[PDB]
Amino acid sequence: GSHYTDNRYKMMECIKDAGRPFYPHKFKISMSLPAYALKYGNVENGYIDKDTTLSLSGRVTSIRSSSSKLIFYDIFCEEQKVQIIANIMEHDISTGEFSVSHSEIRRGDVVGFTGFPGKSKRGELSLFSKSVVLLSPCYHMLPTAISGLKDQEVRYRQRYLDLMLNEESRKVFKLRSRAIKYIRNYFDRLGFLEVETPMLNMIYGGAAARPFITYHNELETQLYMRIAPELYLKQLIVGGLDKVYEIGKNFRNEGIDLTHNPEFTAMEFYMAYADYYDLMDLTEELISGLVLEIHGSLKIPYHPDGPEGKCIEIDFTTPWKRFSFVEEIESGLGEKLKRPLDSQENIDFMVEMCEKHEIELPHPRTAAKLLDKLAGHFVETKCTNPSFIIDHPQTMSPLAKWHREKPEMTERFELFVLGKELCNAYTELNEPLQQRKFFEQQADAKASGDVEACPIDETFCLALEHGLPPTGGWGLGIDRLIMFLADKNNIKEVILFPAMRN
């Protein structure tokens, strides 16, 4: 273990001292391994073309031998395995003696070979090698599969090992790219403009989350990492850009678990002249279309407890179920919330109800946080298939425009799948007087110890004073999306280098 590594360092020193090949700068492949398979994969068993010499390269996944004169390698690159048959009778002695040449090679090494193409008598796609070059040695003994790792968390702390050994991990990251391409194309075809707004913020806002804090030394100013881009993106609608979207990181200085990483990838879009009804229709079309693209059906498997456990079929057939936020809580409770929803009376009542149904109390006990606890217990748990929870109270929705019909409510929805939040969207609040009021209430909750409440943002209020058109806005958690698309129950599966404890 420890000894293998030291020996390998010693081998490489020896190789260098001996003037043998030591980390060559450039190896010129004749073609990729996939291209090789495509060209030679259909030749007859035992076919060899001694009139073509080719150079191939990959990582060694196997070493076997029949004699001191015949060695069999597998190399892997770009999802393709090719066998190398090294017969001493073909060995170019100018590269060294056969046994010396091959004694420098171990499983896990990145290597190059030259030789003649064809297929073994047994029908294996092969190169009949004349030489081998060590390009980049592996200094550690590898397992042949992830099951051989000391523990499965090595897959995340040393992701290169997972990628090396585990086709399923590679497929996830390819599916993620494909899904994001689909999403961009959806909006590009609607005439959206992709934008980038600051990740360093003088004032954080646009979500309910605790921020990361930092400091710009030259400008002598505290900054926050953005929890969301919303407050910048809306300024672009004031600016008249009409349809904008942004895809990138949010930073939330919070705990980690199966559906939470301190940095995650979100998409937000803002569309002038849309309301939240329009946004519900768009969400259905975008997401059902992506599901159909990936899976070939709107009904897809999900394994909450891993692949040998129970399977639920998630059905994305549109239109999706709607749950009215307050009404469904009241159905669950068998009684009504007190009005107004943010009165001390309703706070007291919601505390009683949390205690009665054994729901963990939030801190502080704001109306907003209590409502969220009750929603989490009574409503989110009904959202197995994609379901919209709609019409959130204003008290928990400071950037959402008041509901045109329903007192105390807003024109907001969240999309939930398997009980987890995927999207958050609303008819945007564009009336500066109440916006300012709602910011002041947020700053009061923050001063009372609500670490998820944001400070007042005057620059945003001033922007609203220049006239935000009627607008609909929307956010999607891309990591969580990939979790459902790829049937993973742990966000660490869909992020290359996720946060880990010590």
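When you see a residue number, it is the position in the sequence shown, counting from 1. Take the two forms, find the largest set of C-alpha atoms that superpose within 1.5 Å, and that set is the rigid core.
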*Compare 302-310 with 133-141 and report which one shows the larger root mean square C-alpha deviation from this form in 6 other deposited structures of this protein once the rigid core is superposed.*
302-310
*Which of these two stretches, 31-39 or 63-71, has the larger RMS Cα offset in 6 other deposited structures of this protein when the rigid core is kept aligned?*
63-71
*asked:* Quick check on the record: does 388-396 or 343-351 carry the larger mean Cα temperature factor?
replied: 343-351
*Would 251-259 or 145-153 have the larger average of its C-alpha temperature factors, as given in the entry?*
145-153
*Whose CA atom has the top B-factor in the entry, of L233, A425, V172, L219?*
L219
*asked:* Sorting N430, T95, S177, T197 by Cα temperature factor from the record, which one lands on top?
replied: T95
*Going by the recorded CA B-factors, say which third of the chain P470 sits in, lowest, middle or highest.*
middle
*Taking the values exactly as deposited, rank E13 by C-alpha B-factor within its chain and report the matching third: lowest, middle or highest.*
highest
*Sort the modelled residues of this chain by their C-alpha B factor and say whether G123 lands in the lowest, middle or highest third.*
highest
_By the recorded C-alpha temperature factor, relative to the other modelled residues in its chain, which third is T265 in?_
lowest
*What third of the chain, by the recorded C-alpha B-factor, contains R106?*
middle
